[PDB]
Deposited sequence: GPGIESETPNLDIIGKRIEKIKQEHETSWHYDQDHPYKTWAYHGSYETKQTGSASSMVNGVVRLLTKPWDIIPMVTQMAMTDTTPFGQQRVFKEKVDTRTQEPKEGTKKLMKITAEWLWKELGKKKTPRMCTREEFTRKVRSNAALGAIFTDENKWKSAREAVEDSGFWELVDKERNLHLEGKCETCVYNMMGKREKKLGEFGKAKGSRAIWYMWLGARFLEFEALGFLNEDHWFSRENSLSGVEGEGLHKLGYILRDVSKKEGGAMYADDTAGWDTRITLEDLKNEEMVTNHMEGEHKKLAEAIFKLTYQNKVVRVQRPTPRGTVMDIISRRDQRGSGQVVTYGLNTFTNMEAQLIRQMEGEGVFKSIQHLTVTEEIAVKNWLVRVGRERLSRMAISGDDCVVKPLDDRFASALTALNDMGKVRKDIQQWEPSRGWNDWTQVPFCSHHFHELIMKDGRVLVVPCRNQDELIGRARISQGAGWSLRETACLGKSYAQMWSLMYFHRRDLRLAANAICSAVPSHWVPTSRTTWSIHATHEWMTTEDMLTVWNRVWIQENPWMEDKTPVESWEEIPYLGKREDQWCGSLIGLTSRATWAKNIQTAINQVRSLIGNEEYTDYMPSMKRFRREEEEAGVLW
């Protein structure tokens, strides 16, 4: 315990030797409080202006305006699972890893790969000012090289999480990425490799994936969201995930084993408390890993939980209190005989999941799931799961998927969500100190995503043409903080569409290109109203009629540049 974390604690305590104190009134129970030192400091979402000027009817929708404005979950403990549960998880984790690594090879990620990642402004939780300064400098990689040697010796000095999301100093992110980055970077959780997974599939393929699941014989499709899944990660899960190292070798295996046992399984965290003071607390369980590593581990553990719930549903094991030597061989024979087929009945994306089990016994297979700590959100603990009989209403990654027939007979499966949600997100700009040019480039990014993924929604196709028309044609799309983002490009969007939906799409057998935007269909007007369209309102009819005047107001605010008129792509203006 304190033989592992004590080293990190001493360093921070010594830096603030003139401000150290063990306060009497500390609110931590589940967290172990080690001490505190004095601090004083705090990101409030800002309005992307180009987007708001071109979506005026939504200035009065409070679903949209409210999004732009504006604890006791992390301070919770999970009961140690039963012995029978722990054995099932241990046996399944072991069999899963072996499957994931049949056609993979664990490997250390490089300083070159991590370097190019910070240059492209990748999303990472963090002497030097910017994230790019320490990478260019060499004295950093000495700080990294120091820790790296201490990790090989089985000790840790500077790998302390920051709670503001679990941030960490860039050096720790590198060492984390070096050992475990291979899971993301070499697509371990691809659908080709993992069967349940969807990493790097993109909003335009998920829909086709749910449908392919649907085509299998079985019961309802079950989409149960776990209540605060990161805070429901047990130490037994952290141990089951660490069994990946058993597929590694040499310097890699020891560097991985280190991260797991020194950072994940023994955490140290600095937390600001307004009463301002920085409290140094520790804990062994819960999730705080790298946002990208977390995804792959959450997908791993979630696959494991869902495979076990299917075994409970199919009556492979009777009771979780203790596992018999006949219940072991049966569970093991199950994984070997059908475990692959049962993975292909799922779509898992981190804490998210959609399962089409063999029958509806699954719905009331809640003993193992509740014991693993994977407690379902907003349903009684022992009340059975409400199934879905139609794949076009099943929720997945914040979306639902409409089947949609093109005028030449070919079948698009398009993603969709409440249009008040899409317009509200586009109107937000994360960060301060943005130029009119930068804000405008982010707007083009959303409009190009809308034209590619949400083209079938009338108000988005129109507002997309308007935004692209109000932004100089060459000005490149920019991202605030980084699956597949093909809308990030200056190429002609009808050409992107043809590549994405016709050329590259393996569910389309006829590869005849689409020649104009009119050949690309919309959802029914009621479907479009059901998913939140304003078609039929006077405001939207006025907005659409007088659309050029808004484009010209933005054109006037930016200045005299090279602008294109994209509105003639729609029939009404044509």
Report summary line: In deposited-sequence numbering, the unmodelled segments run 1-9, 52-53, 82-92, 149-154, 193-210, 322-324, 532-535, 628-637
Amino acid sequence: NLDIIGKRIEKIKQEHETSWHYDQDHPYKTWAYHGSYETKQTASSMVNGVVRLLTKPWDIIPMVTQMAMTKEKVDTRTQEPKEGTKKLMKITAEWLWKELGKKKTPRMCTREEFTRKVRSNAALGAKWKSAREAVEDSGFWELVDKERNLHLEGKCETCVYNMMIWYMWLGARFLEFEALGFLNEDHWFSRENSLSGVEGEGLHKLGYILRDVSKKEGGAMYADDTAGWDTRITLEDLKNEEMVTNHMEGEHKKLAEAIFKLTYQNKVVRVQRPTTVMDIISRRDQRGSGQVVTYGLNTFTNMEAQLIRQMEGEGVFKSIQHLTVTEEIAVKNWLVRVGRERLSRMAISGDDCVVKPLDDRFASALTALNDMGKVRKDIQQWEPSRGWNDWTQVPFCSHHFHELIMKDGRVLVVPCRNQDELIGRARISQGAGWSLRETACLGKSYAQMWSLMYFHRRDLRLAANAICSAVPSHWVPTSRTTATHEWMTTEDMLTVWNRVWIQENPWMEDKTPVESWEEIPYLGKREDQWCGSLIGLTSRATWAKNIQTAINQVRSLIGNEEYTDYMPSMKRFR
From here on, numbers count along this sequence of modelled residues.
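Heads up, when I say rigid core I mean the largest set of C-alphas that superpose within 1.5 Å between the two forms.
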Query raised in the report: After fitting on the rigid core, which stretch moves more in 8 other deposited structures of this protein, 556-564 or 15-23, going by C-alpha RMS?
Result: 556-564
Report task. State which stretch is farther from the displayed form on average in 8 other deposited structures of this protein, 495-503 or 177-185, counting RMS CA distance after fitting on the rigid core. Result -> 495-503
Query raised in the report: Coordinates for residue 61 lacking in at least a third of the other PDB entries compared?
Result: no
Query raised in the report: At least a third of the other compared entries leaving residue 435 unmodelled, is that the case?
Result: no
Query - Segment of higher mean CA temperature factor, 488-496 or 187-195 - result: 488-496
Query raised in the report: According to the deposited model, is the average Cα temperature factor higher in 26-34 or in 56-64?
Result: 26-34
Query raised in the report: Going by the deposited entry, which of 169, 388, 401, 295 has the highest CA temperature factor?
Result: 169
Query raised in the report: Checking the entry, which one of 359, 242, 341, 136 has the top C-alpha B factor?
Result: 136
Report task. Can you work out whether the C-alpha temperature factor of residue 433 puts it in the lowest, middle or highest third of the chain? Result -> highest
Report task. Within this chain's modelled residues, let me know which third the CA B factor of residue 525 belongs to: lowest, middle or highest. Result -> lowest
Requested in this report: Please place residue 258 in the lowest, middle or highest third of its chain by C-alpha B factor as given in the entry.
Outcome: middle
Report task. Looking at the entry's B-factor column for C-alpha atoms only, identify whether residue 50 ranks in the lowest, middle or highest third of its chain. Result -> lowest
Query raised in the report: Based on the entry's values, in what third of the chain does the Cα temperature factor of residue 155 lie: lowest, middle or highest?
Result: highest
